[PDB]
Amino acid sequence: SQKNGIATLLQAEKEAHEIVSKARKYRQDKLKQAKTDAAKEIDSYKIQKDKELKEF
Amino acid sequence: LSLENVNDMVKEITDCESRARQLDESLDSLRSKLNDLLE
Amino acid sequence: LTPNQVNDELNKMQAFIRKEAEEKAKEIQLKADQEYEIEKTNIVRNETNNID
Amino acid sequence: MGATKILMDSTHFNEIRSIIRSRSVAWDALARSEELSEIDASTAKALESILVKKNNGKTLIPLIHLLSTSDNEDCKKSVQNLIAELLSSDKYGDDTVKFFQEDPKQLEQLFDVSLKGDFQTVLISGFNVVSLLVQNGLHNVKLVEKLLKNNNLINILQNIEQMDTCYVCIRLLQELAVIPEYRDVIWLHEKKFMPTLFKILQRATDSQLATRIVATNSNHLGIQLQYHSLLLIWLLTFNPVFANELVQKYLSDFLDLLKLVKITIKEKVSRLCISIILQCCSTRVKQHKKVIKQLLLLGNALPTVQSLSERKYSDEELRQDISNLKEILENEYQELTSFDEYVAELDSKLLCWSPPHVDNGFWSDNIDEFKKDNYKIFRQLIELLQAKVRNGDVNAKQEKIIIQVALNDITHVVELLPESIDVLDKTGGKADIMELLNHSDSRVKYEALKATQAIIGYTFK
Amino acid sequence: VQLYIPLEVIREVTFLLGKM
Amino acid sequence: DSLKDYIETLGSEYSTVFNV
């Protein structure tokens, strides 16, 4: 099982690489996300300011 | 030896070579000043 | 050497590989969290200055 | 469903999970004797068979009932394990997770049985309540914040002797910390757990890595304990204010992370250590200047980073963190005006070596600044040095730090400037040097010898 | 013979061949 | 027999290739 076992170990290394690579794609996206939900955060704060203005 | 165990002992080679060189160069140039007064 | 000793070494190592990556992925995405909040806090702050 | 997948990857969780599932508990006999009514024992019997393979959430209700009512350690522990195993599995105990998640009541109940009975019984209880909290359909700060104040669980975590139990509990808390809200309650209780966590890192440092014995080394068990402790820290550090505070209180303990980075060759340990220190040194932490100052002056963080930078380990993010940290530390101290730092130290009479006081360039720019009546400031340092030796004696620790630094500082100006020799003569500093030579402490004598030689080179040409 | 040493285990294999 | 035992005992699952 020595010459079955390496072949399995090579596969594990390739796998360790793909799981870490999904996270790094995730991270970039996570950064993009932060700008989108902040784009939405301004125009919801904008309608909040018109709220206490129209109240005035 | 590991790479860190070489990397922290090369530090104490360099940190001691520096002080030994400056203390030897502050000793022979002082022996010369001693002989300049004994002459 | 013996088949039992090699199979013991196979499970242990491909485990080490799988675990270290799961934690590795986990650190990468934890940081992804950190940058999301810090980046949002900043970006929001500026636009809200203009709004105010 | 299949909940979160937490506490199913760890060996430490698995070793505790073995002790319970091995020992068998015949509920029906306990019920007949009156410690529970019959519906409960049958329900636990049936539930165990569903775990292996067989057709519910409706088995959940009796288990909730059984736990609160019963005070017999054996039955609640055996049941808790079976609930626990079900929650995370996607094979079985999918339906289980639904009933808990929909209704806030079975969480609150499930909390009551926590902190009753044997140390194990309570650990499983905590896992399961935490398991649900970390999901997106139940959240309550109150269970975490109370359990933290409460004794029996917090005792288990303080013990470090039993790695397996401690590991599980630290992870329980660190997972709740991945969620923002829990961070605020957790930071109230920081005093209690946080010395325990630094101790685990300290233990880690003194033992070896060239064996794989039962204790912490660089084994499976060890690799998880270090990671979690560090990770827990790192989480709470995401909030900038907590991080400034954390360094100023915990300073001594804090400095040790740099050590772990060397000794370990493991990117899980190393990375996390580097990040936490980075985050405190970041601009976004208020009084980021202060923390860099404490670290640089006292703890000598900067030289440590410069060594670290050389030994890169394979991990992109690690390399990135190390480089960023090298820049921040180095930049912040040096970029202060040169005359200012020297005088600020001079004024306090609390001189310390720093990166620009062992650098020749600093002294060259500053020679001119001293001249106000034949290097009055330079003469100030000479007076100051003379005084320390004679008044407050020599050969006691306080006075010994100021002297070595001062003699270093003087040496540099004299080598550079030939006109400062006059100042030493007038003041009487010339005499004082000769005295330090005889004095004990190797470092003071080195600096003293270098001072004598600096005057000497110039007297005779 | 022809070896193929990866970069993860490189110093360890070289120090092994130095002792063999 | 010495290169095969050594790369497996330290983890780091990327095996070497020994050709003749």
# chains A, B, ... in the order shown; residues from 1 in each chain; ligands from 1
call {"tool": "residues_around", "arguments": {"residues": "segment 9-17 of chain F", "least_positions_apart": "6", "cutoff": "6 Å", "atoms": "only C-alpha atoms", "output": "list in words"}}
result
residues 9 and 10 of chain A; 13 of chain C; 3, 4 and 5 of chain E
call {"tool": "write_last_selection", "arguments": {"atoms": "C-alpha atoms", "output": "compact mmCIF listing (two decimals), in the first residue's frame"}}
result
# COMPACT_ATOMS: atom_id res chain seq x y z
CA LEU A 9 -1.00 11.75 -0.86
CA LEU A 10 -0.50 13.66 -4.18
CA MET C 13 -0.64 12.65 6.74
CA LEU E 3 15.58 12.11 -7.97
CA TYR E 4 12.79 14.67 -7.91
CA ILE E 5 12.76 16.70 -4.69
call {"tool": "interface_residues", "arguments": {"of": "chain E", "to": "chain B", "cutoff": "10 Å", "atoms": "only C-alpha atoms", "output": "ChimeraX atom specification"}}
result
/E:11-12,15
call {"tool": "write_last_selection", "arguments": {"atoms": "N, CA, C and O atoms", "output": "PDB file, in the first residue's frame"}}
result
ATOM      1  N   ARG E  11      15.129  20.836   2.090  1.00  0.00           N
ATOM      2  CA  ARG E  11      16.259  20.878   3.007  1.00  0.00           C
ATOM      3  C   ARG E  11      16.390  19.563   3.758  1.00  0.00           C
ATOM      4  O   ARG E  11      17.504  19.093   4.017  1.00  0.00           O
ATOM      5  N   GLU E  12      15.258  18.932   4.069  1.00  0.00           N
ATOM      6  CA  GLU E  12      15.257  17.662   4.780  1.00  0.00           C
ATOM      7  C   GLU E  12      15.817  16.527   3.932  1.00  0.00           C
ATOM      8  O   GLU E  12      16.610  15.722   4.432  1.00  0.00           O
ATOM      9  N   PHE E  15      19.709  17.248   3.601  1.00  0.00           N
ATOM     10  CA  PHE E  15      20.395  16.819   4.817  1.00  0.00           C
ATOM     11  C   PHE E  15      20.290  15.319   5.076  1.00  0.00           C
ATOM     12  O   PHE E  15      21.121  14.786   5.816  1.00  0.00           O
TER      13      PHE E  15
END
call {"tool": "interface_residues", "arguments": {"of": "chain A", "to": "chain F", "cutoff": "9 Å", "atoms": "only C-alpha atoms", "output": "count of residues only"}}
result
9
call {"tool": "interface_residues", "arguments": {"of": "chain C", "to": "chain F", "cutoff": "8 Å", "atoms": "only C-alpha atoms", "output": "PDB file with N, CA, C and O atoms, in the first residue's frame"}}
result
ATOM      1  N   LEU C   1       7.384   0.577   6.048  1.00  0.00           N
ATOM      2  CA  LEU C   1       8.200  -0.697   6.075  1.00  0.00           C
ATOM      3  C   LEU C   1       7.122  -1.734   5.912  1.00  0.00           C
ATOM      4  O   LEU C   1       6.912  -2.151   4.778  1.00  0.00           O
ATOM      5  N   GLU C   9       0.718   5.720   8.497  1.00  0.00           N
ATOM      6  CA  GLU C   9       1.312   6.947   8.038  1.00  0.00           C
ATOM      7  C   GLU C   9       0.531   7.673   6.945  1.00  0.00           C
ATOM      8  O   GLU C   9       0.535   8.898   6.826  1.00  0.00           O
ATOM      9  N   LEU C  10      -0.238   6.992   6.137  1.00  0.00           N
ATOM     10  CA  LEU C  10      -1.100   7.467   5.081  1.00  0.00           C
ATOM     11  C   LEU C  10      -2.316   8.195   5.621  1.00  0.00           C
ATOM     12  O   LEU C  10      -2.588   9.268   5.126  1.00  0.00           O
ATOM     13  N   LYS C  12      -2.726   9.477   8.671  1.00  0.00           N
ATOM     14  CA  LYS C  12      -2.265  10.546   9.513  1.00  0.00           C
ATOM     15  C   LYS C  12      -1.895  11.787   8.673  1.00  0.00           C
ATOM     16  O   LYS C  12      -2.081  12.938   9.054  1.00  0.00           O
ATOM     17  N   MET C  13      -1.220  11.592   7.527  1.00  0.00           N
ATOM     18  CA  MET C  13      -0.641  12.653   6.742  1.00  0.00           C
ATOM     19  C   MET C  13      -1.720  13.263   5.895  1.00  0.00           C
ATOM     20  O   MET C  13      -1.828  14.456   5.915  1.00  0.00           O
ATOM     21  N   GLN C  14      -2.560  12.485   5.155  1.00  0.00           N
ATOM     22  CA  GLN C  14      -3.574  13.058   4.341  1.00  0.00           C
ATOM     23  C   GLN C  14      -4.631  13.697   5.176  1.00  0.00           C
ATOM     24  O   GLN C  14      -5.241  14.604   4.621  1.00  0.00           O
ATOM     25  N   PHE C  16      -3.601  15.517   7.983  1.00  0.00           N
ATOM     26  CA  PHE C  16      -2.801  16.695   8.323  1.00  0.00           C
ATOM     27  C   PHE C  16      -2.996  17.706   7.174  1.00  0.00           C
ATOM     28  O   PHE C  16      -3.147  18.892   7.348  1.00  0.00           O
ATOM     29  N   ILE C  17      -2.938  17.182   5.954  1.00  0.00           N
ATOM     30  CA  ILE C  17      -3.095  18.005   4.784  1.00  0.00           C
ATOM     31  C   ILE C  17      -4.537  18.661   4.732  1.00  0.00           C
ATOM     32  O   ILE C  17      -4.662  19.817   4.481  1.00  0.00           O
TER      33      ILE C  17
END
call {"tool": "atom_distance", "arguments": {"atom1": "atom CA of residue 236 of chain D", "atom2": "atom CA of residue 185 of chain D"}}
result
10.7 Å
call {"tool": "interface_residues", "arguments": {"of": "chain A", "to": "chain C", "cutoff": "6 Å", "atoms": "only C-alpha atoms", "output": "NGL selection string"}}
result
:A and (9 or 12 or 16 or 20 or 23 or 27 or 30-31 or 34 or 38)
call {"tool": "write_last_selection", "arguments": {"atoms": "C-alpha atoms", "output": "PDB file, in the first residue's frame"}}
result
ATOM      1  CA  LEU A   9      -0.999  11.750  -0.860  1.00  0.00           C
ATOM      2  CA  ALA A  12      -4.544  15.269  -0.965  1.00  0.00           C
ATOM      3  CA  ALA A  16      -5.595  21.196  -0.016  1.00  0.00           C
ATOM      4  CA  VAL A  20      -7.664  27.294   0.028  1.00  0.00           C
ATOM      5  CA  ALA A  23     -11.611  30.891   0.069  1.00  0.00           C
ATOM      6  CA  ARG A  27     -12.317  36.981  -0.086  1.00  0.00           C
ATOM      7  CA  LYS A  30     -16.333  39.628   0.131  1.00  0.00           C
ATOM      8  CA  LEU A  31     -14.490  42.880  -0.693  1.00  0.00           C
ATOM      9  CA  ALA A  34     -18.705  45.519   1.008  1.00  0.00           C
ATOM     10  CA  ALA A  38     -22.470  50.345   1.203  1.00  0.00           C
TER      11      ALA A  38
END
call {"tool": "residues_around", "arguments": {"residues": "residue 323 of chain D", "least_positions_apart": "3", "cutoff": "10 Å", "atoms": "only C-alpha atoms", "output": "list in words"}}
result
residues 305, 306, 308, 309, 318, 319, 320, 326, 327 and 328 of chain D
call {"tool": "residues_around", "arguments": {"residues": "residue 171 of chain D", "least_positions_apart": "3", "cutoff": "8 Å", "atoms": "only C-alpha atoms", "output": "PyMOL selection string"}}
result
chain D and resi 167-168+174-175+228+232
call {"tool": "write_last_selection", "arguments": {"atoms": "C-alpha atoms", "output": "JSON list (two decimals), in the first residue's frame"}}
result
[["chain", "number", "residue", "atom", "x", "y", "z"],
["D", 167, "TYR", "CA", -9.87, 22.80, 23.71],
["D", 168, "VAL", "CA", -13.59, 22.17, 23.24],
["D", 174, "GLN", "CA", -14.25, 31.49, 19.50],
["D", 175, "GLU", "CA", -17.04, 30.33, 17.15],
["D", 228, "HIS", "CA", -7.75, 28.18, 18.67],
["D", 232, "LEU", "CA", -9.85, 33.62, 19.83]]
call {"tool": "interface_residues", "arguments": {"of": "chain D", "to": "chain C", "cutoff": "10 Å", "atoms": "only C-alpha atoms", "output": "PDB file with N, CA, C and O atoms, in the first residue's frame"}}
result
ATOM      1  N   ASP D   9     -14.703  17.748  13.307  1.00  0.00           N
ATOM      2  CA  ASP D   9     -13.389  17.641  12.803  1.00  0.00           C
ATOM      3  C   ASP D   9     -12.414  17.421  13.917  1.00  0.00           C
ATOM      4  O   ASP D   9     -11.306  16.989  13.622  1.00  0.00           O
ATOM      5  N   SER D  10     -12.720  17.708  15.219  1.00  0.00           N
ATOM      6  CA  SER D  10     -11.680  17.672  16.230  1.00  0.00           C
ATOM      7  C   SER D  10     -11.666  16.340  16.820  1.00  0.00           C
ATOM      8  O   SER D  10     -12.716  15.782  17.150  1.00  0.00           O
ATOM      9  N   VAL D 178     -16.813  34.741  15.921  1.00  0.00           N
ATOM     10  CA  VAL D 178     -16.977  34.916  14.470  1.00  0.00           C
ATOM     11  C   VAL D 178     -18.167  35.696  14.140  1.00  0.00           C
ATOM     12  O   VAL D 178     -18.178  36.504  13.191  1.00  0.00           O
ATOM     13  N   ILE D 179     -19.221  35.673  15.014  1.00  0.00           N
ATOM     14  CA  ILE D 179     -20.388  36.485  14.886  1.00  0.00           C
ATOM     15  C   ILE D 179     -20.106  37.759  15.683  1.00  0.00           C
ATOM     16  O   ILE D 179     -19.756  37.643  16.874  1.00  0.00           O
ATOM     17  N   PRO D 180     -20.316  39.003  15.148  1.00  0.00           N
ATOM     18  CA  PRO D 180     -20.035  40.336  15.786  1.00  0.00           C
ATOM     19  C   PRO D 180     -20.608  40.616  17.156  1.00  0.00           C
ATOM     20  O   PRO D 180     -19.960  41.269  17.963  1.00  0.00           O
ATOM     21  N   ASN D 219       2.012  17.889  17.449  1.00  0.00           N
ATOM     22  CA  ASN D 219       1.110  16.820  17.169  1.00  0.00           C
ATOM     23  C   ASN D 219      -0.210  17.435  16.829  1.00  0.00           C
ATOM     24  O   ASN D 219      -0.422  18.622  16.928  1.00  0.00           O
ATOM     25  N   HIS D 220      -1.174  16.516  16.446  1.00  0.00           N
ATOM     26  CA  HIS D 220      -2.536  16.850  16.171  1.00  0.00           C
ATOM     27  C   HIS D 220      -3.291  17.612  17.206  1.00  0.00           C
ATOM     28  O   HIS D 220      -3.945  18.616  16.960  1.00  0.00           O
ATOM     29  N   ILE D 223      -1.636  21.165  17.600  1.00  0.00           N
ATOM     30  CA  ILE D 223      -1.767  22.041  16.485  1.00  0.00           C
ATOM     31  C   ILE D 223      -3.106  22.703  16.593  1.00  0.00           C
ATOM     32  O   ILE D 223      -3.340  23.883  16.373  1.00  0.00           O
ATOM     33  N   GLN D 224      -4.110  21.969  17.084  1.00  0.00           N
ATOM     34  CA  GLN D 224      -5.440  22.557  17.298  1.00  0.00           C
ATOM     35  C   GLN D 224      -5.482  23.514  18.515  1.00  0.00           C
ATOM     36  O   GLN D 224      -5.961  24.608  18.277  1.00  0.00           O
ATOM     37  N   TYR D 227      -3.857  27.118  17.850  1.00  0.00           N
ATOM     38  CA  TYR D 227      -4.511  27.745  16.711  1.00  0.00           C
ATOM     39  C   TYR D 227      -5.750  28.472  17.294  1.00  0.00           C
ATOM     40  O   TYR D 227      -5.953  29.668  17.122  1.00  0.00           O
ATOM     41  N   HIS D 228      -6.520  27.725  18.113  1.00  0.00           N
ATOM     42  CA  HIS D 228      -7.753  28.175  18.672  1.00  0.00           C
ATOM     43  C   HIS D 228      -7.579  29.262  19.651  1.00  0.00           C
ATOM     44  O   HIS D 228      -8.371  30.195  19.707  1.00  0.00           O
ATOM     45  N   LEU D 231      -6.606  32.355  17.709  1.00  0.00           N
ATOM     46  CA  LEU D 231      -7.716  32.689  16.825  1.00  0.00           C
ATOM     47  C   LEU D 231      -8.692  33.445  17.626  1.00  0.00           C
ATOM     48  O   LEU D 231      -9.311  34.432  17.203  1.00  0.00           O
ATOM     49  N   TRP D 234      -7.532  36.901  18.180  1.00  0.00           N
ATOM     50  CA  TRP D 234      -7.526  37.587  16.920  1.00  0.00           C
ATOM     51  C   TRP D 234      -8.850  38.164  16.535  1.00  0.00           C
ATOM     52  O   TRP D 234      -8.906  39.233  15.948  1.00  0.00           O
ATOM     53  N   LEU D 235      -9.902  37.342  16.891  1.00  0.00           N
ATOM     54  CA  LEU D 235     -11.304  37.716  16.676  1.00  0.00           C
ATOM     55  C   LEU D 235     -11.736  38.954  17.349  1.00  0.00           C
ATOM     56  O   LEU D 235     -12.211  39.930  16.718  1.00  0.00           O
ATOM     57  N   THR D 237      -9.756  41.108  18.579  1.00  0.00           N
ATOM     58  CA  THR D 237      -8.943  42.193  18.147  1.00  0.00           C
ATOM     59  C   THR D 237      -9.503  42.956  16.951  1.00  0.00           C
ATOM     60  O   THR D 237      -9.144  44.110  16.738  1.00  0.00           O
ATOM     61  N   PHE D 238     -10.506  42.347  16.241  1.00  0.00           N
ATOM     62  CA  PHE D 238     -11.107  43.039  15.065  1.00  0.00           C
ATOM     63  C   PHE D 238     -11.724  44.327  15.395  1.00  0.00           C
ATOM     64  O   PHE D 238     -11.894  45.174  14.436  1.00  0.00           O
ATOM     65  N   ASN D 239     -12.072  44.567  16.683  1.00  0.00           N
ATOM     66  CA  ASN D 239     -12.694  45.790  17.126  1.00  0.00           C
ATOM     67  C   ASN D 239     -11.543  46.617  17.610  1.00  0.00           C
ATOM     68  O   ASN D 239     -10.789  46.195  18.477  1.00  0.00           O
ATOM     69  N   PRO D 240     -11.376  47.728  17.002  1.00  0.00           N
ATOM     70  CA  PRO D 240     -10.121  48.473  17.156  1.00  0.00           C
ATOM     71  C   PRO D 240      -9.761  48.878  18.572  1.00  0.00           C
ATOM     72  O   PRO D 240      -8.582  48.988  18.774  1.00  0.00           O
ATOM     73  N   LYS D 266       5.152  26.271  11.672  1.00  0.00           N
ATOM     74  CA  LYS D 266       3.842  25.874  11.301  1.00  0.00           C
ATOM     75  C   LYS D 266       3.176  27.185  11.028  1.00  0.00           C
ATOM     76  O   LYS D 266       3.287  28.146  11.794  1.00  0.00           O
ATOM     77  N   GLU D 267       2.568  27.290   9.827  1.00  0.00           N
ATOM     78  CA  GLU D 267       2.023  28.507   9.244  1.00  0.00           C
ATOM     79  C   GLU D 267       0.718  28.716   9.954  1.00  0.00           C
ATOM     80  O   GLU D 267       0.182  29.818   9.708  1.00  0.00           O
ATOM     81  N   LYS D 268       0.115  27.756  10.698  1.00  0.00           N
ATOM     82  CA  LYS D 268      -1.136  28.059  11.413  1.00  0.00           C
ATOM     83  C   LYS D 268      -0.954  28.868  12.596  1.00  0.00           C
ATOM     84  O   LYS D 268      -1.817  29.693  12.876  1.00  0.00           O
ATOM     85  N   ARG D 271       1.090  32.419  11.423  1.00  0.00           N
ATOM     86  CA  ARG D 271       0.292  33.359  10.758  1.00  0.00           C
ATOM     87  C   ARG D 271      -0.558  34.194  11.627  1.00  0.00           C
ATOM     88  O   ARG D 271      -0.642  35.386  11.415  1.00  0.00           O
ATOM     89  N   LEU D 272      -1.249  33.526  12.593  1.00  0.00           N
ATOM     90  CA  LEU D 272      -2.148  34.053  13.496  1.00  0.00           C
ATOM     91  C   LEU D 272      -1.475  35.020  14.490  1.00  0.00           C
ATOM     92  O   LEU D 272      -1.948  36.119  14.770  1.00  0.00           O
ATOM     93  N   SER D 275      -0.621  38.251  12.530  1.00  0.00           N
ATOM     94  CA  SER D 275      -1.847  39.009  12.266  1.00  0.00           C
ATOM     95  C   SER D 275      -2.274  39.784  13.496  1.00  0.00           C
ATOM     96  O   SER D 275      -2.600  40.961  13.351  1.00  0.00           O
ATOM     97  N   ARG D 284      -5.803  52.076  12.291  1.00  0.00           N
ATOM     98  CA  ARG D 284      -7.229  52.167  12.581  1.00  0.00           C
ATOM     99  C   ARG D 284      -7.469  52.081  14.132  1.00  0.00           C
ATOM    100  O   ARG D 284      -8.351  52.790  14.608  1.00  0.00           O
ATOM    101  N   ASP D 315       3.245  30.339   2.193  1.00  0.00           N
ATOM    102  CA  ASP D 315       1.940  30.799   2.522  1.00  0.00           C
ATOM    103  C   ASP D 315       1.983  32.268   2.173  1.00  0.00           C
ATOM    104  O   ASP D 315       2.743  33.047   2.734  1.00  0.00           O
ATOM    105  N   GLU D 317      -0.140  34.832   2.239  1.00  0.00           N
ATOM    106  CA  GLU D 317      -0.760  35.738   3.214  1.00  0.00           C
ATOM    107  C   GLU D 317       0.245  35.986   4.377  1.00  0.00           C
ATOM    108  O   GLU D 317       0.270  37.077   4.916  1.00  0.00           O
TER     109      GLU D 317
END
call {"tool": "interface_residues", "arguments": {"of": "chain D", "to": "chain E", "cutoff": "12 Å", "atoms": "only C-alpha atoms", "output": "ChimeraX atom specification"}}
result
/D:265,313-315
call {"tool": "closest_residue", "arguments": {"among": "D:149, D:443, D:199, D:65", "to": "chain B", "atoms": "only C-alpha atoms"}}
result
D:443
call {"tool": "residues_around", "arguments": {"residues": "residue 89 of chain D", "least_positions_apart": "6", "cutoff": "9 Å", "atoms": "only C-alpha atoms", "output": "list in words"}}
result
residues 1, 2, 3, 5 and 8 of chain D
call {"tool": "select_by_dssp", "arguments": {"residues": "chain E", "states": "helix (DSSP H, G or I)", "output": "PyMOL selection string"}}
result
chain E and resi 10-19
call {"tool": "residues_around", "arguments": {"residues": "segment 98-105 of chain D", "least_positions_apart": "2", "cutoff": "10 Å", "atoms": "only C-alpha atoms", "output": "MDAnalysis selection string"}}
result
chainID D and resid 1:3 56:58 60:61 64 87 93:96 107:111 129 132:133 135:140
call {"tool": "residues_around", "arguments": {"residues": "residue 23 of chain B", "least_positions_apart": "3", "cutoff": "10 Å", "atoms": "only C-alpha atoms", "output": "list in words"}}
result
residues 17, 18, 19, 20, 26, 27 and 28 of chain B; 446, 449, 450 and 453 of chain D
